[PDB]
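Below is one structure, written out as structure tokens, with a few remarks after it.
Number of protein chains: 4
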Amino acid sequence: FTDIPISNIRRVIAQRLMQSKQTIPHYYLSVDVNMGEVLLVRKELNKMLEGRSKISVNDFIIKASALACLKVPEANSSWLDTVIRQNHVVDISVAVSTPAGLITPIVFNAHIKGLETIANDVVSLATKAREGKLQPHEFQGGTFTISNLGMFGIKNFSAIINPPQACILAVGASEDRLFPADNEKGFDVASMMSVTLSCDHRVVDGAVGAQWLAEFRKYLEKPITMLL
Amino acid sequence: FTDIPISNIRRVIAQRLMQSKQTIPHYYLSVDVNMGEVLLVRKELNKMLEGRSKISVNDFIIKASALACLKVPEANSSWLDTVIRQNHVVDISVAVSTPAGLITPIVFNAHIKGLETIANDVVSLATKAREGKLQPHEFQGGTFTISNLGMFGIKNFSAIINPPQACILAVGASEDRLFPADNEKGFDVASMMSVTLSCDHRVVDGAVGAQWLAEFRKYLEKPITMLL
Amino acid sequence: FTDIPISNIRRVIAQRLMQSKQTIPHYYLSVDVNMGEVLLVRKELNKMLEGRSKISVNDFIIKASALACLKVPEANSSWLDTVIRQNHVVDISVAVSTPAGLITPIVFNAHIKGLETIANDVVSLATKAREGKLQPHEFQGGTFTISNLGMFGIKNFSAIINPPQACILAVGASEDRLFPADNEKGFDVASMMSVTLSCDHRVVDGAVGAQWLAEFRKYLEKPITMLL
Amino acid sequence: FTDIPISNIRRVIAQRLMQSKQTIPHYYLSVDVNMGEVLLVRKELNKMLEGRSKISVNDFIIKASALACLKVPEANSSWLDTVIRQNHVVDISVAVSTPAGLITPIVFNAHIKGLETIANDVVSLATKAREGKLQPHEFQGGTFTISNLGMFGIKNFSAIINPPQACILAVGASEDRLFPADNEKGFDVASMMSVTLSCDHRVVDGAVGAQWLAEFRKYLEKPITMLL
């Protein structure tokens, strides 16, 4: 065997994860979201952009998460052992994997930023994270975390809540699945994505988490409804 | 009601599980593996064995897990609060259910043992576990654990990491599922098995766990690649 | 005529060949191996490798020889005039032709090394031999030797046992041959490769040599059996 | 490794092999024998025997070797450094593999013994050799040796001359091969068996060895000619 010394950064991350799993009673809720309309809308938006920017699926996911957080503010809360702080702004931390570990750059005001602005912010913060130039205020804080591992082929997974937040959305890969249809063949093909929200049961109960996931699924399945 | 006294063995097992769940920040990643090629290869190998031995699906799973651990040594590490011990050998603990409880006989050097050797070792250790003659060195230790409940009809499940290891692979049942295909019928039938890897987030982050699962899936979906 | 002085290296090689042919009672056994499945598996493995490495037929031959040596340890012995040293590990010397003569770089632990590892080791040692950078421990020793001359079109040949080993496998070229089959045409085409094992009759008798060749032929004719 | 002590019997056998390969200038000649008529005659003879005895292909081979030795007495000689002893009787040593090694029970007067008598003698001597009950005169001596390894699948092999004899016939496996014919299909299927005669070049030169092999091939290709 080989003993690799633990860095101070890794020790801090491990201590944060220990604190989260010891003080936050996690419980996980998983749903499936149909992504055909999102893919069509994304293709049309990318065609219209004419190479000025590129809209990714994670941008749609971040926007839908911010809007669902607005609709269900309980998922946008924090437990402080005396009061439940209900944040009125949605600062979406985005999990990014770098050679030094996992870091969470924050897209601030994702509930009011547009898809192009969100995409540009995500690209800029990802480049900063990969280059190791992130400032502490750019990754400390936030009210809701999104960790997307679909690019690695994960069907679904359950993540750890980043304190002091109340939820974290774990995003898996999009795969084509067969579904019943009232057609001659008897079936259709739909590109579905499995998302698992890990909730702090002190703040978000089962009904509230389910309502949040339903709102998120509705927003993704009808992208034009993000205009409302 | 009836009060059943707790044996000392059960107390030790419960204390170990408590220690794992309070000191290891578990997080779970699940994927689906196509098992048709493994079934075909296993049938051919069993036919050429002519009754000298019999290879089970768990032997293929153990071999694939050992090779994936070689490819991604982070899943073959341990957290010792000062250094991360990265084991260079793969000793696969295998969960076996006996009337006295759950025990974990260890197949040593599964990364270099062949399928016949793995199958014979598993059969011998399972018989020893069921008849209660396991020596402490034959079930204490290991670097990676595999718990298979597919024989009981479980679709998938999330296990508890056996300390001080960093991961545990939970294997469910293999079932036939319809999938889209470019044929006249529009679909095909493939036997998939869902596997859920529970990882210690202090050692294995999401990207590393996903990479491990991807290598494991590749090894199982093309068995000839285990020759590499 | 022209008198070319004999180098000391050539004198040493010639003296070793004298010692082998004078003290080792060679006897040779030849078989034919069908290589269609080996070629198919090699093509699939190379396509999976995506250019990271390239697997040659000699890698399959080395792996099969190592596994056959495991199954029949008599071919993995050495005569020491008082005891028969039966080596438990398989170090395969590989005959490499360089402008300075014939050299035998050793692939250690070929019985546990995979095909990709064996291929990489063979490529590295061949490059070192061609550049004249081999260290003495990298070509002195070994338990079993493989000399392949199929690249030069040799149908079959009988090699000289490298002392103090007990056997040497001489591999010829692979050619398409017609064989009877139960089809409409009455025949089929198979790529067959002829190998001649030269054995020390003190250690390996005819039945043992034939058993070794049968095991080697089975391993090559069904590559999936190399996983056992 | 493991050092296996050399038994005195093995030392004697090894010393005999040293003496043979050091004092006898071996040279090897190979031919192919069509065995369709031998198989047909053997089937008819076995059906006539009605279970009283069973005739093997090795019995035909022994009879043909004895008759060929009668026709060409040079292969039935011995070099004694002063005279060439030309034996007028044909005592065929037969190579038998036993757990203790290789032994050579002698069928005396095979040139006058019939196929049934030869088969019974071979069976009895093989049983005695396997049970370790052979007397020294039953395996010491002989004028010509036959070593058959076709049962192990060897295509062909070259054996070591047992001193002080002048030749040894190494018999390989019989396989179906396609050969041109003047029929509609353009080919036929024949079961051909390849034999390699190793000759002492002091006694038997190339032309004499070739004549012996031609006589042997004729005798086997037409069994009715064994009556002459």
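Chains as they are written, first to last, in the deposited numbering: chain O, 1 to 228; chain XA, 1 to 228; chain ZA, 1 to 228; chain A, 1 to 228.
Every residue, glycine too, gets a C-beta built ideally from N, C-alpha and C.
Cβ-Cβ distance between residue 181(O) and residue 170(O) below 7 Å: For the purposes of this step, residue 181(O) is taken as the residue at position 181 of the first sequence. For the purposes of this step, residue 170(O) is taken as the residue at position 170 of the first sequence. No, the pair does not count as a contact, with Cβ atoms beyond the cut-off.
DSSP beta-bridge partners for residue 180(ZA)? Residue numbering aside, residue 180(ZA) sits at position 180 when the third sequence is read from its first letter. In DSSP, residue 180(ZA) forms a bridge with 187(ZA).
Between 105(A), 144(A) and 142(A), which lies nearest to residue 130(A) when the distance is taken from Cα to Cα? Along the fourth sequence, one-based indexing puts residue 130(A) at 130. For the residues 105(A), 144(A) and 142(A), the minimum Cα distance to residue 130(A) belongs to 105(A).
Does the beta-carbon distance from residue 164(O) to residue 30(O) come in below 7 Å? Translated into positions along the first sequence, residue 164(O) becomes position 164. Translated into positions along the first sequence, residue 30(O) becomes position 30. For residue 164(O) and residue 30(O), no; Cβs fall outside 7 Å.
Per DSSP, which one or two residues make a beta bridge with residue 86(XA)? Reading the second sequence from its first residue, position 86 is the one you call residue 86(XA). The partner list for residue 86(XA) (beta bridge, DSSP) reads 2(O) and 77(XA).
Can you check which of these residues, 185(XA), 120(XA), 141(XA) and 153(XA), is closest to residue 60(XA) by C-alpha distance? In the second sequence, counting from the first residue as 1, residue 60(XA) sits at position 60. Closest option to residue 60(XA), Cα to Cα, is 120(XA).
By Cβ distance below 7 Å, which residues in the same chain neighbour residue 68(ZA) in space, the five residues on each side in sequence not counted? Taking the third sequence and counting its residues from 1, one reaches residue 68(ZA) at position 68. So the list reads 212, 215, 216 and 219, once near-sequence residues are dropped.
Using 8 Å for Cβ pairs, my map puts residue 90(ZA) next to residue 70(ZA). What's the rounded Cβ distance? On the third sequence, residue 90(ZA) is found 90 positions in, with the first residue counted as 1. On the third sequence, residue 70(ZA) is found 70 positions in, with the first residue counted as 1. That belief holds up - the Cβ atoms of residue 90(ZA) and residue 70(ZA) are roughly 7 Å apart, short of 8 Å.
If you follow the beta strand (DSSP E) that residue 145(XA) is part of, which residue opens it and which one closes it? Walking along the second sequence from the start, residue 145(XA) turns up at place 145. Counting along the chain, the beta strand (DSSP E) containing residue 145(XA) begins and ends at 144-148.
Check the DSSP bridge columns for residue 170(XA) and list the partner residues they point to. Position 170 of the second sequence holds residue 170(XA). BP columns for residue 170(XA) point to 147(XA) and 196(XA).
Cα-Cα separation, residue 188(XA) to residue 151(A): Working through the second sequence from its first residue, we reach residue 188(XA) at position 188. Working through the fourth sequence from its first residue, we reach residue 151(A) at position 151. Roughly 47 Å separates the two Cα atoms.
Within chain ZA, the residues that residue 58(A) reaches when beta carbons sit closer than 9 Å: Here residue 58(A) is taken as the residue at index 58 of the fourth sequence, counted from 1. The premise fails here: residue 58(A) is roughly 14 Å from chain ZA at the closest Cβ pair, so nothing lies under 9 Å.
Going by other Cβ atoms of all chains shown within 10 Å of its Cβ, with 16 needed for buried, is residue 48(O) buried or exposed? For the purposes of this step, residue 48(O) is taken as the residue at position 48 of the first sequence. Residue 48(O) is exposed by the Cβ-count criterion.
I'd like the span of the alpha helix (DSSP H) that includes residue 152(A), first residue to last. Here the question's residue 152(A) lines up with position 152 in the fourth sequence. Taken as a continuous stretch (DSSP letters only), residue 152(A) belongs to no alpha helix (DSSP H), as it is neither H nor E.
Around the Cβ of residue 113(O), are there at least 16 other Cβ atoms within 10 angstroms (buried) or fewer (exposed)? For the purposes of this step, residue 113(O) is identified with residue 113 of the first sequence, where counting begins at 1. The residue in question, residue 113(O), is buried, as its Cβ has 16 or more Cβ neighbours within 10 Å.
Going by beta-carbon coordinates alone, are residue 87(ZA) and residue 1(A) separated by less than 7 Å? One-based indexing of the third sequence puts residue 87(ZA) at position 87. One-based indexing of the fourth sequence puts residue 1(A) at position 1. A contact, by the Cβ cut-off of 7 Å.
Can you tell me whether residue 18(XA) is buried or exposed? The criterion is at least 16 other CB atoms within 10 Å of its CB, across all chains shown. For this step, residue 18(XA) is matched to residue 18 along the second sequence. By the 10 Å Cβ count, residue 18(XA) comes out exposed.
Check whether the Cβ of residue 226(XA) lies closer than 7 Å to any Cβ atom in chain ZA. For the purposes of this step, residue 226(XA) is taken as residue 226 along the second sequence, with counting starting at 1. So yes, residue 226(XA) belongs to the interface.
Is the shortest distance between the beta-carbon of residue 87(ZA) and the beta-carbons of chain A less than 7 Å? Your numbering for residue 87(ZA) matches position 87 in the third sequence. Interface residue, yes.
Measuring straight from C-alpha to C-alpha, what distance separates residue 103(XA) and residue 133(XA)? The residue given as residue 103(XA) occupies position 103 in the second sequence. The residue given as residue 133(XA) occupies position 133 in the second sequence. If I take the Cα positions, the gap works out to 12 Å.
Taking Cβ to Cβ, would you say residue 32(ZA) is nearer than 7 Å to residue 155(A)? Reading the third sequence from its first residue, position 32 is the one you call residue 32(ZA). Reading the fourth sequence from its first residue, position 155 is the one you call residue 155(A). Closer than 7 Å, so yes.
Residue 124(A) to residue 144(A), Cα distance in whole Å? Walking along the fourth sequence from the start, residue 124(A) turns up at place 124. Walking along the fourth sequence from the start, residue 144(A) turns up at place 144. So the two alpha carbons sit approximately 19 Å from each other.
Residue nearest to residue 93(ZA) in terms of C-alpha spacing, selected from 228(ZA), 74(ZA), 136(ZA) and 205(ZA): Residue 93(ZA) sits at position 93 when you count from the first residue of the third sequence. Out of 228(ZA), 74(ZA), 136(ZA) and 205(ZA), 136(ZA) has the C-alpha closest to the C-alpha of residue 93(ZA).
Any contact of the segment 6-18 of chain ZA with the segment 189-199 of chain ZA, i.e. 3+ C-beta pairs under 8 Å? no
State the start and end residues of the unbroken alpha helix (DSSP H) segment that holds residue 46(O). As a working mapping, residue 46(O) is identified with position 46 in the first sequence. Segment 36-49, the alpha helix (DSSP H) holding residue 46(O).
Please classify residue 52(ZA): is it buried, with 16 or more other beta-carbons within 10 angstroms of its beta-carbon, or exposed? Translated into the one-based positions of the third sequence, residue 52(ZA) becomes position 52. It counts as exposed.
Listed by chain order, chain A residues near residue 31(ZA) by CB distance under 8 Å: The count along the third sequence starts at 1 and reaches residue 31(ZA) at position 31. Near residue 31(ZA) (Cβ distances below 8 Å), the residues of chain A are 153, 154 and 155.
Chain XA contacts made by the segment 17-28 of chain O, where a contact means CB separation under 8 Å: 17, 18, 20, 21 and 22
Check residue 60(O) in the structure and name its three-state DSSP category. By 1-based counting over the first sequence, the position of residue 60(O) is 60. Here residue 60(O) sits in helix by DSSP.
Spatial neighbours of residue 138(A) in its chain, beta-carbon cut-off 8 Å, leaving aside the 5 residues before and after: Counting from 1 along the fourth sequence, the entry for residue 138(A) is found at position 138. Here the set comprises 105, 106, 125 and 128.
When the cut-off is 7 Å and only beta carbons count, does residue 41(ZA) lie next to chain XA? Taking the first residue of the third sequence as position 1, residue 41(ZA) is located at position 41. Residue 41(ZA) counts as touching chain XA.
Strand pairing of residue 175(ZA), partner residues [DSSP]: Within the third sequence, numbered from 1, the residue matching residue 175(ZA) stands at position 175. Per DSSP, 192(ZA).
Going along the chain, which residues of the segment 160-174 of chain ZA sit with their C-beta nearer than 8 Å to a C-beta in chain XA? none
Go ahead and pull the three-state DSSP assignment for residue 237(XA). No answer is possible for residue 237(XA): the residues shown for chain XA start at 1 and end at 228.
For residue 172(ZA), count neighbouring C-beta atoms within 10 Å of its own C-beta (all shown protein chains included) and say buried if the count is 16 or more, exposed if not. Counted from its first residue, the third sequence places residue 172(ZA) at position 172. Buried is the call here.
Using a Cβ-Cβ distance under 7 Å, would residue 201(XA) count as near chain O? In the second sequence, residue 201(XA) corresponds to position 201, counting from 1. Closer than 7 Å to some Cβ of chain O, the Cβ of residue 201(XA) qualifies, so yes.
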